[PDB]
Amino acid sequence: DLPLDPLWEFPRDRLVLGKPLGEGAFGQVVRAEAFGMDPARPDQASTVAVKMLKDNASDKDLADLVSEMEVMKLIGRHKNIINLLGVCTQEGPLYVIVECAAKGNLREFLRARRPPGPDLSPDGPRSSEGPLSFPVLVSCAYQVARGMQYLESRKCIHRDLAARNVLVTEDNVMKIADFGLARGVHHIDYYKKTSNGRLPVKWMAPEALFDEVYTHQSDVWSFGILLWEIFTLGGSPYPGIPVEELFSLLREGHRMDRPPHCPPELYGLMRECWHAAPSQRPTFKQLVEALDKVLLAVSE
């Protein structure tokens, strides 16, 4: 009943819905198998993610999903974002089909790969060597920056950039997810805590939190927070600080401390991202180039 866009339209009967990945404020995400996503290979199988309305479905829910779908189309394709693959709008429920990232989000990726503590017994030549190395952590930060740079060039503001919203592929490629969401910026529950204990207010730029102003520079603030997440190996920002205390600390200009085992180069970038004046924060272009220098210097 929605208009037909043969460019993106995909036969729903070529989808086999599987296990649900989670829910959102609007819609739910389900893992699914797709057959012939590449029209040159009609019978080949691929794993995809399918966005769809819940049965909570109001019209505002539908409008938001349609809104997200159309944003996806216009943004285009990039290596470091979750790309649109197709849509199902004819003769059935609305499906928005996007890419699969095998390893989950960046936060859980890092937390599951924290080095072994002093408690597990040494076994082998690499008992002290954890999965995560410094250049790979820098690469993760660099890829997110390039992804955001692309989104910025396409006039897209994420408004909730975080490690939880960055997905990891089988080849450890960072892919920014949920960049085109209507997040209800005029009614945000600042005290809201997610089912996994996340307080999304801790990623908000001051101008976003206090003035409801969003720019690409407000995303840069969030990227600084994400940087802190990465080099704390998936740690929660502002440790032990409730939302009420966050408000007053931010008004006092409080900033997070330099995390352990984090070089000054990267904490420097964090503080730059957290400058009070949005124009005094680096652009994503500058972040990409800054992170590239570090990355190239440690990839001999």
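Heads up: residue numbers just count along the shown sequence, starting at 1. In this text, the rigid core denotes the largest set of C-alpha atoms whose superposition between the two forms falls within 1.5 Å.
State which stretch is farther from the displayed form on average in 4 other deposited structures of this protein, 224 to 232 or 116 to 124, counting RMS CA distance after fitting on the rigid core. Result of the core-fitted comparison in 4 other deposited structures of this protein: 116 to 124 deviates more.
Of 20 to 28 and 281 to 289, which departs more from this form in 4 other deposited structures of this protein by CA RMS after core fitting: It is 20 to 28 whose C-alphas lie farther from the shown form in 4 other deposited structures of this protein.
Would you determine, from the values in the PDB entry, which of 17 to 25 and 277 to 285 has the greater average C-alpha temperature factor? Between 17 to 25 and 277 to 285, it is 17 to 25 that shows the higher mean C-alpha B-factor.
Which of the two stretches, 70 to 78 or 172 to 180, shows the higher mean Cα temperature factor in the record? Between 70 to 78 and 172 to 180, it is 70 to 78.
When the CA B-factors of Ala40, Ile241, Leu233, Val50 are compared as recorded in the entry, which is the largest? Highest C-alpha B-factor among the listed options: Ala40.
Given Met256, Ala45, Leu250, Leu269, the residue at which the Cα B factor reaches its maximum: Across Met256, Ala45, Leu250, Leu269, the entry lists the biggest C-alpha B-factor for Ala45.
When the deposited Cα B-factors of this chain's modelled residues are ordered and cut into thirds, is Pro125 in the lowest, the middle or the highest one? Top third by C-alpha B-factor.
Compared with the other modelled residues in the chain, in which third is the CA B-factor of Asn105? It belongs to the lowest third of the chain when residues are ordered by C-alpha B-factor.
What third of its chain's C-alpha B-factors does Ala34 belong to: lowest, middle or highest? According to the entry, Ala34 has a C-alpha B-factor in the chain's middle third.
Within-chain third of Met148 by Cα B-factor, per the entry: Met148: CA B-factor falls in the middle third of its chain.
What third of its chain's C-alpha B-factors does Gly117 belong to: lowest, middle or highest? Its C-alpha B-factor belongs to the highest third of this chain's values.
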